[PDB]
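Enquirer: Let me begin by handing over the structure; questions about it come next.
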Amino acid sequence: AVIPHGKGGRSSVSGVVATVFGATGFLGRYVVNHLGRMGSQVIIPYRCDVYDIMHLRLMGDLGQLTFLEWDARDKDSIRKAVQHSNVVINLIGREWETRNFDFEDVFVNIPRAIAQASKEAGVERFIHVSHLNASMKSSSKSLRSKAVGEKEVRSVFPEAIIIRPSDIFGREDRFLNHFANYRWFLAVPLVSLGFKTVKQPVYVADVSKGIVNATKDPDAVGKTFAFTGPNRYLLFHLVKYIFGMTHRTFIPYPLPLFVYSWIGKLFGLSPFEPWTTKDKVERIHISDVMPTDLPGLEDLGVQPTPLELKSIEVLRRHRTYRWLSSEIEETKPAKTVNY
Amino acid sequence: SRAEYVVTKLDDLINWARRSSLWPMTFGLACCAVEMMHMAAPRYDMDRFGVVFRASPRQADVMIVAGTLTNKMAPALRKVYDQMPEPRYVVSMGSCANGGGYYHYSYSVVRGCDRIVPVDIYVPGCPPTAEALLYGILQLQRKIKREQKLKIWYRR
Amino acid sequence: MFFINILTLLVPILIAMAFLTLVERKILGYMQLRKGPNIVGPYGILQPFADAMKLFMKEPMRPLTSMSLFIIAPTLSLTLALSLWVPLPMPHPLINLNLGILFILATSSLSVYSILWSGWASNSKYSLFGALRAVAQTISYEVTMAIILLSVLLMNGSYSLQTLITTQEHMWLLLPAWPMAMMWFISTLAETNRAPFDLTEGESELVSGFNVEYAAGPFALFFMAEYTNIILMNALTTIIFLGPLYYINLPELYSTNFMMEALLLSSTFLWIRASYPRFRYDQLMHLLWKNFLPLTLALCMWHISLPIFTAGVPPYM
Amino acid sequence: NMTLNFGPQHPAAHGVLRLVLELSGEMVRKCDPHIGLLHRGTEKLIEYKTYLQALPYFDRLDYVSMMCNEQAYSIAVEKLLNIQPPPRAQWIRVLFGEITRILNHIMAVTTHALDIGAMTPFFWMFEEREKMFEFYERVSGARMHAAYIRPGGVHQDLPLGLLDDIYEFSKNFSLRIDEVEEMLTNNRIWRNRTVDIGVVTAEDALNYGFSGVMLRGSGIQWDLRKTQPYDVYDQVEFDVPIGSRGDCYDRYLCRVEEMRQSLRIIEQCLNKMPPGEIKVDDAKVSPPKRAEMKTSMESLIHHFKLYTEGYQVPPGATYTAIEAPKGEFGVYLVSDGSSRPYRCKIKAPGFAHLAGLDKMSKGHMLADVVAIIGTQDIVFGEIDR
Amino acid sequence: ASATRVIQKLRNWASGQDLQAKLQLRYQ
Amino acid sequence: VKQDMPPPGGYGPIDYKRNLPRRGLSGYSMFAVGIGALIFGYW
Amino acid sequence: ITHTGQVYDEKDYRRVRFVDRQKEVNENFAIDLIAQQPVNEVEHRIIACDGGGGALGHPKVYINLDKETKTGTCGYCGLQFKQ
Amino acid sequence: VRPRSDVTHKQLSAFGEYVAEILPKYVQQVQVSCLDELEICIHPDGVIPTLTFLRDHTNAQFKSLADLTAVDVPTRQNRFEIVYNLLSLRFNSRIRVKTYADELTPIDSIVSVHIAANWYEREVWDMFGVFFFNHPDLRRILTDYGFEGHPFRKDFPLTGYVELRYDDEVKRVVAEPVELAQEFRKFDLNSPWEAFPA
Amino acid sequence: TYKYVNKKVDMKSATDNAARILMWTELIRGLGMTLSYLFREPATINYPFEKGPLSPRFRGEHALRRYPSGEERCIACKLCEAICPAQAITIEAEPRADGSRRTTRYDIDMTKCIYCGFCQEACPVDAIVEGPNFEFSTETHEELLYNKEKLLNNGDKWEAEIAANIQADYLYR
Ligand SMILES: CCCCCCCCCCCCCCCCCC(=O)OC[C@H](COP(=O)(O)OCCN)OC(=O)CCCCCCCCCCCCCCCCC
Ligand SMILES: NC(=O)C1=CN([C@@H]2O[C@H](COP(=O)(O)OP(=O)(O)OC[C@H]3O[C@@H](n4cnc5c(N)ncnc54)[C@H](OP(=O)(O)O)[C@@H]3O)[C@@H](O)[C@H]2O)C=CC1
Ligand SMILES: COC1=C(OC)C(=O)C(CC=C(C)C)=C(C)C1=O
Ligand code: SF4
Ligand code: SF4
Ligand code: SF4
Ligand SMILES: [Zn+2]
């Protein structure tokens, strides 16, 4: 262990050595941020080129962040990453199963090997991440697979904290940006005209702090917290609201999910990171599960943050020359449908 | 024909083009420009090596942060950095910008530019010798040569 | 065939256009006691291709700018430059536009749109000023540029650039009309925004207003345009005022001679750049609405009377 | 009145200057220079450092003029101790004092042109600069930021052979100054952008505390080196280059003329430098020679105390000003009896000059502002300190 | 140096003074 | 032990004055050659 | 490992650093090098120790090799002198 | 031993009385230091009057302001010691006029007497906090735009209380309380043995 | 002694003036100067193949020397730490079992260091020296921080040249 000394800011010590495998991505950028702010030792395994990993270097004190070369199809790489970590956080995920990695791998296969080694290592806690509403019988191969894995991860690292977050919105978010990015398509194809699609969005930061807090909190063991949000929404208001802040017209157009799954297939066909995918589409039109009983963000200390509050920052880049100067409070916030 | 080979060769070409022409940016802050200007000057011609010292964040790649990054200039550096084209590399020059230098404990000096911009090559020395900068620019060229962006795309 | 004759007359110029930047980054070098770029490739021959590839690969930043106009201006620029090379009267010119000089004058004027629109589209204060400054100087230098040609034509008899090869079979039009050559050369320096007259992208004074926000591929296209122009205008000096030798039996001599004179006058604006500081905006325009325009108007009269009182009216063929 | 920040990163603006400007048309209605983009604390840091460990700060205050600045602190610390350097050291300081003036003027004249748009003069004279740096290196060890001129003389005698090379160079440098003139002094275009731009009256120049070429250019005759001689600048003979019709062009001509006059002072120093020691013999102020500290007890004790604790200057305060290449560089060094100073306000020829930018660039175009920042040789290190 | 006696004369004529006497190449 | 000092007898003399040469074709002569060129060209 | 045996340990949270990058340690440790140095025999009761080379050595000290019981060791070179 | 020229020590002393008689009202102490420098000391109210007499008197023309500075003696009730160093190009001489100002007792501004002071007075406010009445535009010059505290005050920590880093979460530079990775080692240097004053 | 830098209508005078104004003579004069240099040998050096000359006092990169026997020179008097202007050198020491005095940790923070060369000056045994190498640019900030093992290793690598350099300049010091 590492006795925590310091005042609490950078150049201080908190004693959390933590491998975080998917740091390179959207949420990782946030997980490493807090871990680095707190002063934790962070080992970030990477297979992206060094130029891309640079944004990470700026976050954390001299010697807090260590970057290791790692390949998923090689068990040895995971072995050495967790050698000296005491906390392992797993954020490995993708939406387009790629040529050499299918949803099982990114969600269930890999995230298992990882926690498996972590135990061999003797890491105190493991925090796997799987999607919220990842029912073992959900429509999207992704959600199905993610559930399959959570079953497995429990075997390897029993009680490794698991967090199932709801749609995640933050600068560079898919949930929020993607819709705003449908502008190219003059009209907006939405099943049930964007209704029959209740969803609860969660700011990237909210999810993170929770994850970090999970590592430094005792109660988290053997829990399945589900970071959800501060307000639910029928997909209709969400879509329009977005277009609202973006200040771009909205033409919600009904299109059968049947035919639309096909549109996802089309983009999915594209070689370079399909803009959209069969699965993503299903996931989009997949409603979010109820509050149930699972604990939440505030349970882990971070009170959720309403979408409208920070939406302005996420959707600003999509505005025009003048629309770029409008602010959220003169704008009309959309209604909340709990259903 | 194995695409893998086809890929490596292609990447190399891409790396050769970038490494060969590294238009640096105008960033003198603390009298290390004087050294840099010496590099640009005739004994140690930067141009021969491809460097052309463009003066617009937009069309410049390498940002040689020569000098002390005071607190007031910190945000600006970040801005200019953010406004450069995508593939951007930063070469910190000077003990005053690698770390804090003679002015590390001051209240108005950021202790290093790598706290405000990610830094790729750190060139040491209070007036880092112009040859040393040239060595540092040449090591950035070896750093780029090794980068393998398309092979990771292919293997991803 | 005609297509092949379009590759030649284009590619060859584009490849030469690339080698001008190199001969600029070395001639400026040796003048300033430095080798210039010799390490990439042999003697720097691969240097122009190298940054072209870097420029195209780097992200084409789209500032948060009127997209259509922002992207069109570069296109217009290159389009015009490459187009202006179509009717040039090197022997057996690609296209005998009967009123070629007018065509050259016309397309040359259209270029101004690019800089103007670019600045307006860029939406940056530096760019705006650059455009305003640029349009003014550009158009003004067009006014003396055009009158200087009208004086020439009246001693050539026609607007077709092909006629001057027959006008200059005994003496260059520099001997006569040298006073305008100089004034054509200085105006050619202004219209290609080269050094003595480069307030469009002064860099030091204002930072490259024309392409403040332009980077990567857009930067390159104008870029290419400027340098091709640098050649074209020099080439027009090498047909209108310095008339290369020509022999119907051997049409090549003309091209070869045309080459030598074009390269030397292209070398001259490279040499001018390193040698002179840059004129101020006000100073620049004064020179043309004040120092030159009165000179150019008067000689026009002299060149109107010359033929008559010398009964030297030219054939209209 | 359009507002515009000249911008910290301006290819022309030396270093980093945010010159917020309100421009009526292209004319500059108002010029409010912003400073402190390079404030670093040099004045507060010195209070926490001993006299000898604060000497390196002075080289960094205005580093174009690396040494001349060091001489000002030296002189100041010598006055407070009432010690004066040995005869050879004095000549050295004048030798490298002048070499440094050339270095500054080559910087000021050639960098002025680069902003104007003439780029070949910079490369021509930066090669000569380079050759000079090498003198610094072979005397101090560092190309710039030497730390050679210390409070009690210079640190180490000149290498055995430097004088000869500071001759070969001097013997030729003239032609190099001559070449530049050809291009600019009479360029049909240099004159225009420089002549009648930023004229400063004589009374106004004294009033705004210009104190430099800027005063001399307006015709006021004041060279602190002739009026109040420091070191052995009294034993040499040089002509101050006074100017009339003070404007950017006239002052320039003055800076080219002091480059010329400094070669006259350098020649003499080479012709008449005395045999002797280069540091005071008071182990009390100057550190003992290394052979002595390794064989004599009193020398080790004096070496140990000097390096670890310090000079222990007697309590007092002094303002000593020299004629740094930019203008009057002065250190007001208040000192308690302690080994570390109490205050050290550095008067920067440059804090006063920038202030004048407003009263100089009035009803002027954007390009005029670029020319005037050049004619003040603003090094933001001295202004920001 | 290595003027060859013709590049030197173009150099002297263009400059208007003798650079040979005050060269840019320092030698022993 | 030796100290770098000026050579015995002192160093030689340096130039501290501009040696810019006022060399040019006289103006009348200059104009005449030019006007003569135009006259021949016109003929 | 090193001179004073720095051993970031199997359980330390810092040994993480060397992963994929070697540690800086020294062969020919000095601790044993002077021990490998022969005892400089002398005739005089007291002896000097310039460190060897005068100015290029250590401040000269005079060691009292007066008792064969102990070989004087100049505090600077660690050289034992055998009376 | 420095080459003192008594010729000076006397002439400057004589001027010091001259000024003391000419302005009995504001001059509190006048002394020509052994370093051959005069340092008239004036009541803060005499800032305008004493300077003006020196700028515009035939027998004492002190046209340019070399510097305006403020030492801070925390012990002294009036913390700051504004010091104005002036030059006379006519008589080739100098004099320093120094006044005392407390933190919240402002001094008059001399921008009228010398416009050189427009900037230095802003510098003294930014670093030490003395305020100058009738100043055209007093505003921080050297410190950051949002800086809180006057830095050169002896009671201000060298490292200060705030430092800047870029935070990704907020994608903007952000102050944080200073956390230093090697504190300034405060070597104690004063020796417990004094030097018998000559 | 002062000098006036710029203190200062016959047909010939006027005509010559016009000749200059309309024939741009003073401009042609400037072109001649640059054409002249174009013919001069350029002064640049192949940087990797040929190196700009540095004489013995060049400060360059820090190294800790050792006695020929093999005993590291430093005896931890710690005044190199005292006179370091930037607070760069951190030294903590304890008596080695031999009983001698040695530094357990000697850390020069090169990013903090401003290469003044006073440490070279201050050391009594001259254990810390300014080594000739200036090319030690590093990819990561941590590499620039140097502990005793890197400096001792730096000392062993460059000892031969360091000894030659100190040999050349010690009489001067
Ligand atoms: C009798 C029958 C009718 C014929 C009569 C003929 C009478 C004799 C000829 C008289 C006119 C000859 C000269 C014509 C061109 C010059 C016109 C002129 O007046 O120059 C304007 C300007 C100089 O003006 P300025 O110095 O500011 O002072 C103005 C005073 N009124 O000029 C400039 O400032 C130019 C600045 C140029 C900057 C770049 C210089 C480059 C120099 C090298 C290239 C020179 C041109 C080479 C041409 C090659 C061939 C095309
Ligand atoms: N915001 C969202 O959309 C939601 C996300 N989640 C979960 O949170 C986690 C993080 O989300 P987010 O950051 O947006 O996901 P990203 O798509 O940004 O990827 C997350 C990380 O996983 C890594 N990764 C992906 N595929 C592979 C692979 N085949 N091999 C190795 N590494 C891989 C990526 O690195 P690299 O790109 O370099 O391979 C990246 O660093 C995901 O695993 C996801 O399941 C849950 C609910 C909502
Ligand atoms: C020609 O104008 C200039 C620039 O614009 C291209 C610069 O970027 C720079 C900055 C480049 C370096 C190498 C400091 C300078 C000095 C300059 O004079
Ligand atoms: S490092 Fe030395 S040289 Fe570079 S800026 Fe800081 S001080 Fe000036
Ligand atoms: S001074 Fe020389 S000996 Fe004393 S500690 Fe520093 S290095 Fe070791
Ligand atoms: S060089 Fe100057 S700064 Fe660097 S360590 Fe030695 S003393 Fe401290
Ligand atoms: Zn010994």
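Note on naming: chains are A, B, ... as they come in the structure tokens, residues start from 1 per chain, ligands start from 1 in the order shown.
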Show me, as a PyMOL selection string, every residue of chain C with an atom at most 12 Å from chain A, counting only C-alpha atoms.

Expert: chain C and resi 62-67+121-124

Enquirer: Just the residues within 7 Å of residue D:88, please, counting only C-alpha atoms, with nothing from its chain fewer than 4 positions along; format it as a CSV table (one decimal) with C-alpha atoms, in the first residue's frame.

Expert:
```csv
chain,number,residue,atom,x,y,z
D,92,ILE,CA,38.6,43.2,-20.6
D,273,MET,CA,45.6,45.8,-22.5
D,274,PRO,CA,47.9,45.6,-19.5
D,275,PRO,CA,49.8,42.5,-18.0
D,276,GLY,CA,48.3,41.8,-14.6
D,277,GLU,CA,45.6,39.9,-12.6
D,278,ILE,CA,42.0,39.7,-13.7
```

Enquirer: Between E:25, E:19, E:10, E:3, which has the minimum distance to chain C (counting only C-alpha atoms)?

Expert: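 Of E:25, E:19, E:10, E:3, the one nearest chain C, counting only C-alpha atoms, is E:25.
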
Enquirer: Give the residues close to ligand 6, within 9 Å, counting only C-alpha atoms and all ligand atoms; write them as JSON, numbers by chain.

Expert: {"B": [101, 102, 126], "D": [53, 56], "I": [59, 61, 62, 80, 81, 82, 83, 84, 85, 86, 87, 88, 89, 108, 109, 110, 111, 112, 113, 114, 115, 116, 117, 118, 119, 120, 121, 122, 128, 129, 130]}

Enquirer: For the selection you just gave me, I'd like the residues written to a file as an mmCIF file, in the first residue's frame, keeping C-alpha atoms.

Expert:
```cif
data_model
loop_
_atom_site.group_PDB
_atom_site.id
_atom_site.type_symbol
_atom_site.label_atom_id
_atom_site.label_comp_id
_atom_site.auth_asym_id
_atom_site.auth_seq_id
_atom_site.Cartn_x
_atom_site.Cartn_y
_atom_site.Cartn_z
ATOM 1 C CA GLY B 101 14.855 26.738 -14.970
ATOM 2 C CA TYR B 102 16.484 29.543 -12.952
ATOM 3 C CA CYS B 126 20.137 27.307 -20.382
ATOM 4 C CA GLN D 53 24.464 33.553 -7.485
ATOM 5 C CA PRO D 56 23.614 34.882 -13.731
ATOM 6 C CA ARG I 59 30.025 23.792 -19.833
ATOM 7 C CA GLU I 61 26.428 18.371 -19.575
ATOM 8 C CA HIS I 62 27.055 17.594 -15.846
ATOM 9 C CA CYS I 80 27.936 22.610 -4.764
ATOM 10 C CA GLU I 81 24.326 22.450 -3.476
ATOM 11 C CA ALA I 82 24.888 25.718 -1.574
ATOM 12 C CA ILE I 83 26.112 27.763 -4.561
ATOM 13 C CA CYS I 84 23.690 26.288 -7.133
ATOM 14 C CA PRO I 85 21.707 29.331 -8.279
ATOM 15 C CA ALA I 86 18.674 27.236 -9.375
ATOM 16 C CA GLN I 87 18.442 24.833 -6.369
ATOM 17 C CA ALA I 88 19.078 22.035 -8.916
ATOM 18 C CA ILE I 89 21.531 19.806 -6.987
ATOM 19 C CA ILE I 108 21.048 17.249 -10.526
ATOM 20 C CA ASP I 109 17.701 18.357 -11.992
ATOM 21 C CA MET I 110 18.984 19.413 -15.453
ATOM 22 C CA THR I 111 15.665 21.100 -16.362
ATOM 23 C CA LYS I 112 16.134 23.217 -13.185
ATOM 24 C CA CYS I 113 19.856 23.646 -14.005
ATOM 25 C CA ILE I 114 20.759 26.795 -15.996
ATOM 26 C CA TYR I 115 24.317 25.508 -16.718
ATOM 27 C CA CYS I 116 26.075 28.382 -14.940
ATOM 28 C CA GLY I 117 29.192 26.331 -14.236
ATOM 29 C CA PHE I 118 29.582 27.533 -10.626
ATOM 30 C CA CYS I 119 29.336 23.974 -9.371
ATOM 31 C CA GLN I 120 32.375 23.319 -11.563
ATOM 32 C CA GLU I 121 33.987 26.289 -9.745
ATOM 33 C CA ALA I 122 32.886 25.520 -6.128
ATOM 34 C CA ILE I 128 31.316 17.719 -10.279
ATOM 35 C CA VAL I 129 32.447 19.041 -13.660
ATOM 36 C CA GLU I 130 30.819 20.625 -16.662
#
```

Enquirer: For chain D, which residues have at least one atom within 8 Å of chain G, if we go by only C-alpha atoms? Write them as a PyMOL selection string, please.

Expert: chain D and resi 290-291+293-295

Enquirer: Give me, as a PyMOL selection string, the contact residues of chain C against chain I at a cut-off of 9 Å, counting only C-alpha atoms.

Expert: chain C and resi 27-35+271-272+274-276

Enquirer: Quick one: residues within 6 Å of ligand 2, with only C-alpha atoms and all ligand atoms, as a PDB file with N, CA and C atoms, in the first residue's frame?

Expert:
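Now in result-v6.pdb:
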```
ATOM      1  N   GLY A  22      -8.396   0.790 -21.294  1.00  0.00           N
ATOM      2  CA  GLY A  22      -8.980   1.591 -22.349  1.00  0.00           C
ATOM      3  C   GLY A  22      -8.877   3.079 -22.135  1.00  0.00           C
ATOM      4  N   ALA A  23      -7.757   3.528 -21.598  1.00  0.00           N
ATOM      5  CA  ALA A  23      -7.597   4.944 -21.309  1.00  0.00           C
ATOM      6  C   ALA A  23      -7.632   5.757 -22.570  1.00  0.00           C
ATOM      7  N   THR A  24      -7.144   5.191 -23.664  1.00  0.00           N
ATOM      8  CA  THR A  24      -7.054   5.938 -24.912  1.00  0.00           C
ATOM      9  C   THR A  24      -8.373   6.539 -25.367  1.00  0.00           C
ATOM     10  N   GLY A  25      -9.485   5.897 -25.051  1.00  0.00           N
ATOM     11  CA  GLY A  25     -10.770   6.366 -25.542  1.00  0.00           C
ATOM     12  C   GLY A  25     -11.472   7.531 -24.887  1.00  0.00           C
ATOM     13  N   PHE A  26     -12.778   7.635 -25.111  1.00  0.00           N
ATOM     14  CA  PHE A  26     -13.553   8.753 -24.584  1.00  0.00           C
ATOM     15  C   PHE A  26     -13.567   8.842 -23.072  1.00  0.00           C
ATOM     16  N   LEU A  27     -14.045   7.800 -22.408  1.00  0.00           N
ATOM     17  CA  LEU A  27     -14.159   7.839 -20.955  1.00  0.00           C
ATOM     18  C   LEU A  27     -12.791   7.782 -20.293  1.00  0.00           C
ATOM     19  N   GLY A  28     -11.876   7.024 -20.877  1.00  0.00           N
ATOM     20  CA  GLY A  28     -10.558   6.897 -20.295  1.00  0.00           C
ATOM     21  C   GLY A  28      -9.987   8.270 -20.084  1.00  0.00           C
ATOM     22  N   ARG A  47      -2.111   0.527 -27.382  1.00  0.00           N
ATOM     23  CA  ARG A  47      -1.704  -0.125 -28.647  1.00  0.00           C
ATOM     24  C   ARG A  47      -1.905   0.895 -29.792  1.00  0.00           C
ATOM     25  N   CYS A  48      -2.355   2.096 -29.415  1.00  0.00           N
ATOM     26  CA  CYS A  48      -2.507   3.203 -30.399  1.00  0.00           C
ATOM     27  C   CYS A  48      -1.087   3.771 -30.506  1.00  0.00           C
ATOM     28  N   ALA A  72      -3.856  -7.265 -27.318  1.00  0.00           N
ATOM     29  CA  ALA A  72      -4.922  -8.094 -26.716  1.00  0.00           C
ATOM     30  C   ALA A  72      -4.721  -9.588 -26.973  1.00  0.00           C
ATOM     31  N   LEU A  91     -12.122  -0.601 -19.312  1.00  0.00           N
ATOM     32  CA  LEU A  91     -13.053   0.165 -20.174  1.00  0.00           C
ATOM     33  C   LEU A  91     -12.941  -0.296 -21.639  1.00  0.00           C
ATOM     34  N   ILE A  92     -12.594  -1.545 -21.893  1.00  0.00           N
ATOM     35  CA  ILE A  92     -12.388  -1.932 -23.290  1.00  0.00           C
ATOM     36  C   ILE A  92     -13.732  -2.138 -23.960  1.00  0.00           C
ATOM     37  N   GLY A  93     -13.998  -1.379 -25.014  1.00  0.00           N
ATOM     38  CA  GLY A  93     -15.246  -1.534 -25.733  1.00  0.00           C
ATOM     39  C   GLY A  93     -15.233  -0.890 -27.095  1.00  0.00           C
ATOM     40  N   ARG A  94     -16.099  -1.349 -27.989  1.00  0.00           N
ATOM     41  CA  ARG A  94     -16.203  -0.766 -29.318  1.00  0.00           C
ATOM     42  C   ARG A  94     -17.622  -0.941 -29.797  1.00  0.00           C
ATOM     43  N   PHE A 101     -11.390  -8.293 -34.232  1.00  0.00           N
ATOM     44  CA  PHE A 101     -11.896  -8.289 -32.861  1.00  0.00           C
ATOM     45  C   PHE A 101     -13.405  -8.171 -32.970  1.00  0.00           C
ATOM     46  N   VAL A 106     -14.003  -7.789 -27.500  1.00  0.00           N
ATOM     47  CA  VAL A 106     -13.895  -6.493 -26.854  1.00  0.00           C
ATOM     48  C   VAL A 106     -14.669  -6.412 -25.550  1.00  0.00           C
ATOM     49  N   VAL A 129     -16.339  -2.688 -16.815  1.00  0.00           N
ATOM     50  CA  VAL A 129     -17.431  -1.778 -17.255  1.00  0.00           C
ATOM     51  C   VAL A 129     -18.205  -2.458 -18.387  1.00  0.00           C
ATOM     52  N   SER A 130     -19.524  -2.539 -18.232  1.00  0.00           N
ATOM     53  CA  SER A 130     -20.387  -3.127 -19.235  1.00  0.00           C
ATOM     54  C   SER A 130     -21.503  -2.130 -19.397  1.00  0.00           C
ATOM     55  N   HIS A 131     -22.216  -2.161 -20.511  1.00  0.00           N
ATOM     56  CA  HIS A 131     -23.238  -1.147 -20.733  1.00  0.00           C
ATOM     57  C   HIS A 131     -24.435  -1.336 -19.826  1.00  0.00           C
ATOM     58  N   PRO A 165     -23.170   2.012 -17.122  1.00  0.00           N
ATOM     59  CA  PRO A 165     -23.598   3.399 -17.286  1.00  0.00           C
ATOM     60  C   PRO A 165     -24.638   3.576 -18.372  1.00  0.00           C
ATOM     61  N   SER A 166     -25.420   4.640 -18.275  1.00  0.00           N
ATOM     62  CA  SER A 166     -26.454   4.907 -19.263  1.00  0.00           C
ATOM     63  C   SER A 166     -25.886   5.647 -20.381  1.00  0.00           C
ATOM     64  N   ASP A 167     -26.627   6.146 -21.360  1.00  0.00           N
ATOM     65  CA  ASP A 167     -25.955   6.845 -22.461  1.00  0.00           C
ATOM     66  C   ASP A 167     -25.007   7.898 -21.917  1.00  0.00           C
ATOM     67  N   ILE A 168     -23.793   7.960 -22.449  1.00  0.00           N
ATOM     68  CA  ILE A 168     -22.806   8.899 -21.916  1.00  0.00           C
ATOM     69  C   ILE A 168     -22.580  10.094 -22.825  1.00  0.00           C
TER      70      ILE A 168
END
```

Enquirer: Step by step, measure atom-to-atom distances between ligand 1 and each residue using only C-alpha atoms and all ligand atoms, keep those at most 7 Å, then write them as a PyMOL selection string.

Expert: (chain C and resi 174+179-186+196+237+241+272+287+291-292+295+299+302) or (chain D and resi 188) or (chain F and resi 31+35) or (chain I and resi 21-24+27-28)

Enquirer: Within 6 Å of chain D, which residues belong to chain B? Use only C-alpha atoms and report them as a ChimeraX atom specification.

Expert: /B:28-29,41,55,70,72-73,106,108-109

Enquirer: How would the residues just picked look written out with N, CA, C and O atoms as an mmCIF file, in the first residue's frame?

Expert:
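Contents of part-v5.cif, freshly written:
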```
data_model
loop_
_atom_site.group_PDB
_atom_site.id
_atom_site.type_symbol
_atom_site.label_atom_id
_atom_site.label_comp_id
_atom_site.auth_asym_id
_atom_site.auth_seq_id
_atom_site.Cartn_x
_atom_site.Cartn_y
_atom_site.Cartn_z
ATOM 1 N N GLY B 28 9.474 32.389 -29.805
ATOM 2 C CA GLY B 28 10.549 32.772 -28.913
ATOM 3 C C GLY B 28 9.905 33.429 -27.773
ATOM 4 O O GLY B 28 9.151 34.302 -28.005
ATOM 5 N N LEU B 29 10.230 33.014 -26.564
ATOM 6 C CA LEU B 29 9.692 33.653 -25.400
ATOM 7 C C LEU B 29 10.809 34.189 -24.531
ATOM 8 O O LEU B 29 10.759 35.337 -24.117
ATOM 9 N N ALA B 41 20.293 30.728 -38.982
ATOM 10 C CA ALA B 41 21.400 31.487 -39.593
ATOM 11 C C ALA B 41 22.374 30.576 -40.319
ATOM 12 O O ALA B 41 22.249 29.355 -40.190
ATOM 13 N N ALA B 55 5.270 31.098 -40.039
ATOM 14 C CA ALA B 55 4.874 31.933 -38.909
ATOM 15 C C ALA B 55 3.382 32.002 -38.688
ATOM 16 O O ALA B 55 2.867 33.007 -38.208
ATOM 17 N N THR B 70 5.651 32.122 -19.022
ATOM 18 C CA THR B 70 5.080 32.818 -17.886
ATOM 19 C C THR B 70 3.615 32.483 -17.768
ATOM 20 O O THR B 70 3.016 31.964 -18.701
ATOM 21 N N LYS B 72 1.032 34.423 -17.665
ATOM 22 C CA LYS B 72 0.187 35.221 -18.552
ATOM 23 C C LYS B 72 0.183 34.680 -19.974
ATOM 24 O O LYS B 72 -0.818 34.786 -20.672
ATOM 25 N N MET B 73 1.284 34.086 -20.406
ATOM 26 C CA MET B 73 1.383 33.585 -21.770
ATOM 27 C C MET B 73 0.916 32.159 -21.860
ATOM 28 O O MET B 73 0.693 31.638 -22.945
ATOM 29 N N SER B 106 9.552 30.717 -9.062
ATOM 30 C CA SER B 106 8.884 32.038 -9.150
ATOM 31 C C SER B 106 7.371 31.855 -9.119
ATOM 32 O O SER B 106 6.919 30.722 -9.300
ATOM 33 N N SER B 108 5.299 33.598 -11.108
ATOM 34 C CA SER B 108 4.728 33.900 -12.396
ATOM 35 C C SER B 108 5.215 32.963 -13.483
ATOM 36 O O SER B 108 4.917 33.188 -14.647
ATOM 37 N N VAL B 109 5.959 31.923 -13.142
ATOM 38 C CA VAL B 109 6.511 31.060 -14.214
ATOM 39 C C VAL B 109 5.906 29.672 -14.094
ATOM 40 O O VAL B 109 5.925 29.139 -12.990
#
```
